[PDB]
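Asker: Handing you this structure, nothing more for now.
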Amino acid sequence: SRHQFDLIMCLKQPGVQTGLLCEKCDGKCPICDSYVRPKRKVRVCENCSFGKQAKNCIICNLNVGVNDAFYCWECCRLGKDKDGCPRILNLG
Amino acid sequence: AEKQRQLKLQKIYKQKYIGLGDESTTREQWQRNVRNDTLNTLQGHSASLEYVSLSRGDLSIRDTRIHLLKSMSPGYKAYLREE
Amino acid sequence: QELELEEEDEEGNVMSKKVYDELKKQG
Amino acid sequence: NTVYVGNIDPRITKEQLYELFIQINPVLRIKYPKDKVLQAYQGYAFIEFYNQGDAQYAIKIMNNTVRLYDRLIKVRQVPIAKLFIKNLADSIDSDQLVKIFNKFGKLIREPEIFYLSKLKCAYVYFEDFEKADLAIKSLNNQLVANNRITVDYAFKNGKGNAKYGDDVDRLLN
Amino acid sequence: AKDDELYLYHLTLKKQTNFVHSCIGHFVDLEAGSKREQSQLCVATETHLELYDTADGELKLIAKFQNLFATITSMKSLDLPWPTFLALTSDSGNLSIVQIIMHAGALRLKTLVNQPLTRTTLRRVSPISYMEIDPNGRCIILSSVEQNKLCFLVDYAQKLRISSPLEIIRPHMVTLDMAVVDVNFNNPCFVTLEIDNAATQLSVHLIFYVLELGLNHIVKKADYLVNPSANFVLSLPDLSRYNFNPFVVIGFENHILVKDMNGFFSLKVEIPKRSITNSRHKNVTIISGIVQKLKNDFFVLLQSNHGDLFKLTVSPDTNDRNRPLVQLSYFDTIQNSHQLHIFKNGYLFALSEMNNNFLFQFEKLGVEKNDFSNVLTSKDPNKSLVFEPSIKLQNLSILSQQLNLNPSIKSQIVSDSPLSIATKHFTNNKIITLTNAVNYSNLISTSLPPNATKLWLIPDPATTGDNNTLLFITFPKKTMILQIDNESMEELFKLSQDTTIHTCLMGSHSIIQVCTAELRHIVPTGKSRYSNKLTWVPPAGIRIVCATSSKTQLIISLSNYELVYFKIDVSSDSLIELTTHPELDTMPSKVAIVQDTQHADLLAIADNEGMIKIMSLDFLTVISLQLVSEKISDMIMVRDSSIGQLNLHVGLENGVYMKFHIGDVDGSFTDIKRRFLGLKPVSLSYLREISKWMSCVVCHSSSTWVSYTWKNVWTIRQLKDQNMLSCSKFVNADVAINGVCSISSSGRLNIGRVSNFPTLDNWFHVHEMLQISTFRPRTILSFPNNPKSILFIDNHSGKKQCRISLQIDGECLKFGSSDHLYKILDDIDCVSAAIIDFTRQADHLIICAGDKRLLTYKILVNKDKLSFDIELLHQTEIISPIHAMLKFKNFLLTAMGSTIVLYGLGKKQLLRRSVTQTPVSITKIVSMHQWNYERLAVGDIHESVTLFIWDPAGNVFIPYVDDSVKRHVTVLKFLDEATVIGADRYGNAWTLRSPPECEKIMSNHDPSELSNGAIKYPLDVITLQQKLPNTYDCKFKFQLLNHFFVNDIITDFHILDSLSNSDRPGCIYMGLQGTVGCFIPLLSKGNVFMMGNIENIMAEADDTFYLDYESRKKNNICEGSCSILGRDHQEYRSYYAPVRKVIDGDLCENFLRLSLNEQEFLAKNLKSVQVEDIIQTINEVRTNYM
RNA sequence: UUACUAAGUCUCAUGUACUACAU
RNA sequence: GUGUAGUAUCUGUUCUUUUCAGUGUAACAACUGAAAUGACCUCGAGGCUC
């Protein structure tokens, strides 16, 4: 993540699925963790969804998220939107 | 830890986007990336492809496109030499 | 550490500026 | 190009110098030092013009002209053969040395008399490596004033190398 | 201080014509309640997109879709087991599957799912540029030129569903020519040619992939190494009758192969060759293969680089065994075509990458497989067949052609006022003038006696239900009357001794003629006779100022005091007058009323003071006032049929034209729409056309301006004819639609037909068996002294050869007394050419041969023997190729590779007058341009523009400014002294400006002091000289002024002081791939403030829709909905370098097509004016600025 | 008229802030 | 107004085996290995010295 360093990402070709984030993490752009003017919903590779792990918050990787994560307009222009599958594999 | 992550992201970005100069990169390795991307865009835009077709004067345009594709590999020079 | 001043015989199109000035002083 | 200026009051500032000399010519640059031991101005500056024409012009018109803080402003514009000679006689005057080496070559400066060990030695400056070779050829291991003198190149190790003839030839040119 | 900050308004007038992609699906069902037919095609060029249908055997524009603002790098239709919607891949990596839908009253393109892939740019890793879809539509596959390949498994449901991508990554294998093999539902299988990126030797190896629906991944199957000479792959459908084992056709250069998946069968069949093999002869190749199967007969069509179209069929070879054979033959060929399709109908659509797309229906189908003569077999792989091409065109029959200029090399701007663009045709080699003006035919004109004024046309009442129609002319002293019938135009009571202010038909079979002194009420009697039932005076004996009328209704205004109101009695023919005084309180200027209906409310009255009033027809009242400028010259009131809006078209003296929305009930004057056209008091007239029926008003001035209103838009326009004195709609039994009778300003009657109208989509008309010219055009030239005389220069493909074809005025010229209209130059090839006049009375032409020789010519115009006579003068050897040259004063200003030579005129050959050595940076000079002979801007291949100044008595050009960055400049011009236009090889359109620090120095100093002498530079500049000598060597730098990205490659810039008399001078450019667009400097500020706000709206508008659609889902449409593609505007248009001051109007134009709900949804983000005024400002640019 | 550059490492002391942790 | 552990930053101070070779360095630095003993000449420098 932008702040916590040891957090590792996925970075695969995103699928059709949309990543979920919990109400606790709601509002953060999964890359920069910004609250401003979100744009496009996150898309994750199928390898990050499958079973129960699909329900996890793509940000904090623990809680079960209801909400969809959106990229901000700064990351959508920086292109990090399309970089790959954001997810946090290690808890940190 | 942080730099150590930058190493892994160096491996991933290098894998996806092919040539990315890390620290020490030979001029042969890097110039090859230059040639590959320049040709890539010359053939990639139908615009510049149409342009090189006429300025070169080839009989067909796909000759220029597949020419650039072939020109991406180094051995294509010797290949032309053997014609 | 090539200019051509056009003499009157129309062969001076190879002829240099300073050379044709010398032929001005000669003429 | 660049002119030295001196006898400046530390109260004279950079904008004041600029406004002063722009009246004379255009000023390309001004280096006006600021002391790191007095935290002010050390009272002399350097004004780089756009050419030595305006530089020399400002030297002529500006010198002994402007009066700043009652003090006058001053303006001023901003490699040879050497032979060591040993065992000289005590009766050998420097002017006598001049006379001796003039016949061989023109001297760029005067000889230097010094004592080693008791041992009278001198440095003789020639304008030409070849004339120095003449004074060497004729005067080496010779008896003057009933004393045997030795003439060779002075150390820098000693002069007279291969690059030395090459560059000294050029400095002659 | 005034900020320079040039604000340019980009418009695409004509949209990119080189069609790079096509798809065969059936998208929309239109005009038919229930119909399903596979015959239709959608074709895409990068940004621009079009949809054509045939169904008639003749191709048809359906709709030109909105600009996508991206680079479409592949497009393929998909058909799933339904409406067939096309899968579209472009930059941003997004796989965007779009369905063409009918929304509101137009066809709009809706997006379904866009999947993010790679990043936003044109890249090698980007899984685009190679795309194909399973012929059964089960899965779509994208790949990259090098790195990786992704294949989505597409599924349909109540909502479309794209399966997760299936990845295969081969690091060093560069992919080329994706070709997918059809399957029986067994398993999808695609085929590629992988060339290794990193290798010691060149190795091109085919590879097969079978995607396994069971294991859900792509599987490498057979890797077959073939010679490096490989070109392409095509898919052989089955071979089920002969002996899952797919077979592919690998086109090589000089021969063809076909290969098995299991490698059992590899068949080599040598491709035949032409008889002539003119000059340079390549091993050729086949550019495009395609497959077709019917009635157990499947043949494939593969075309060579020469355009030779071939077929293959498979034979079992019954003698040996049942095994495949491969049989080539010969067809009608064609010009080189990028891609080929075939309808379920026998129509074969040939999409040419060269110039024009054209459709066929094949009948002969080609030679039978039985003939051993002309057909080649796989029996003996080593063999050669020579064949002479056939221009007789037996096999294929052209049905429809599509006029397009894909390779527009150069052009000149002819007839500046009607923006006419003169440019060659690449293949056909015909002169193409594409014009902004309305296309106007002229037929059977007749010379009228001199000094004519106005014109009218009224149906002849004498013959009812008959073609006869009375045409009325007017002279100041006399009035002429004429009779109209089909092919019969004849001449004939009434009043011929006085001028006719007005005339009109009343009710049925009645006429009234209003003249200055008195009126006439005329009725038909018999055939050639007419009788006045009543005659009127004005007040009692004055000069009538003006007259207007309706169908049953009439108004005349006399000198001053009162106005006169007439009606006709129903059930009979009579005239009545009211007793009342409409004093009007002033002298009435001119009167206007709707003549379209029998009863027209709200008379429009004008006053000589310059004001306009409305008259309510309770009864009369003045509800509105207009104080406008100069006195009204003429005015007309017209209500259109479609929307029912009543528009008051008010022409003014001095040439200002105006238009007004008129409320029916209130009669208020709102929605002022003005224009300035020519210098002359304008005239107006009303006509009715189609293109749905339509109505326009013709405007007579120094130019002729048709003002017509399309749906929710209107554009005033110049007409192709120079001038028209008076104009009125005409009809003849000889087929007449849009037909018109008019008169030129010379006082000569003429008949004409208007055809094409400059809509938002077209904005032009293009004035131009199989036809291919061997000569490919090179450049285009025009004489400086003659305002427009355009000289063309072409080349030969073959032995070096040239032709020169000069045209001035209407059509070309003859050469001497010879029949030929062109000149042939043997052994002369033209790398670059320019015409020069060394003396004012002599005209010379300049060629630069590839032999590196400078050739001088002389042009002659015979003048009433008129012909062009070219004469070879001199011969001069040149060191460089001379890529660029131009006219300096009295001299030729040419650029060598390194250096700039200025040649004078010598005799027996031309001389070097001066030479200027370039700065070390410049390798070559692509193009260069001058400013008033004092200044130059010199371009490079690698580096950017550098400006020079000519110093007399120094006899040298001195560079005074560098450029900031490296830019590859194809074409370059001057707007001004201090600013420069330039384009890029890569498509950037930029404009640079010298800094004011430099402008002060050059304005305050002489150039002679720059090279040597005293010029006082601020301290910073010198410190940049010793600090950074490489960049600041030229001691100044261009601050970027305007930057823009147009995905085309700009061929020609031209700076026009006015576009169709418009005040703001524009710069118009033609691109190579073909396009013409403009940059309009915006006066004031709030122009660019409102434009900037509208562009900002439309930029993220797709995101605004996505956030609204998101919130409504929170309380209870993808992200790229409104843009249809993922590319942001600022991102796409930024691209190479960020756009600086240029606001892109091509975006704001898309706001016009959106539905009222969407538009009003977008404009709420502004505290500023309403959607209606938005559309006003948007449509203001094409009207007023050009 | 002086044409513009000095501290570093170690050692043993002084100057001053700070971070977890406990009453 | 305290104690436990720990950190950073000044300043003072001072120059570590004379050399060679390797690593290292942008060059340094730093690190890694070994070790001359004796005689003579001119003004710490120097030796086709033995």
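Residues in the structure tokens are named by chain (A, B, ... in the order shown) and by number from 1 within that chain; ligands are numbered from 1 in the order shown.
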From a DSSP pass on the backbone, collect the residues of stretch 975-1128 of chain E flagged as helix (DSSP H, G or I) and hand them back as an MDAnalysis selection string.
Answerer: chainID E and resid 996:1004 1008:1011 1019:1027 1029:1032 1086:1115
Asker: At a cut-off of 8 Å, which residues of chain A touch chain B? Count only C-alpha atoms and give the answer as a list in words.
Answerer: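 Taking only C-alpha atoms into account, residues 5, 6, 8 and 11 of chain A sit within 8 Å of chain B.
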Asker: Save the residues we just selected, N, CA and C atoms, as a PDB file, in the first residue's frame?
Answerer:
ATOM      1  N   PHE A   5       4.335  -0.404   4.074  1.00  0.00           N
ATOM      2  CA  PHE A   5       5.231  -0.830   3.005  1.00  0.00           C
ATOM      3  C   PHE A   5       5.157  -2.325   2.734  1.00  0.00           C
ATOM      4  N   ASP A   6       5.122  -3.146   3.786  1.00  0.00           N
ATOM      5  CA  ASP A   6       5.271  -4.586   3.614  1.00  0.00           C
ATOM      6  C   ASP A   6       4.068  -5.211   2.920  1.00  0.00           C
ATOM      7  N   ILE A   8       1.841  -6.494   0.180  1.00  0.00           N
ATOM      8  CA  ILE A   8       2.166  -6.962  -1.163  1.00  0.00           C
ATOM      9  C   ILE A   8       0.893  -6.917  -1.996  1.00  0.00           C
ATOM     10  N   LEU A  11      -1.422  -7.670  -8.823  1.00  0.00           N
ATOM     11  CA  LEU A  11      -0.983  -7.236 -10.150  1.00  0.00           C
ATOM     12  C   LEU A  11      -1.042  -8.383 -11.161  1.00  0.00           C
TER      13      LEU A  11
END
Asker: Could you tell me how far atom CA of residue E:1123 sits from atom CA of residue E:109, in Å to one decimal place?
Answerer: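 Atom CA of residue E:1123 lies at a distance of 9.6 Å from atom CA of residue E:109.
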Asker: Rounded to one decimal, what separation in Å do you get between atom CA of residue E:138 and atom CA of residue E:185?
Answerer: 8.6 Å
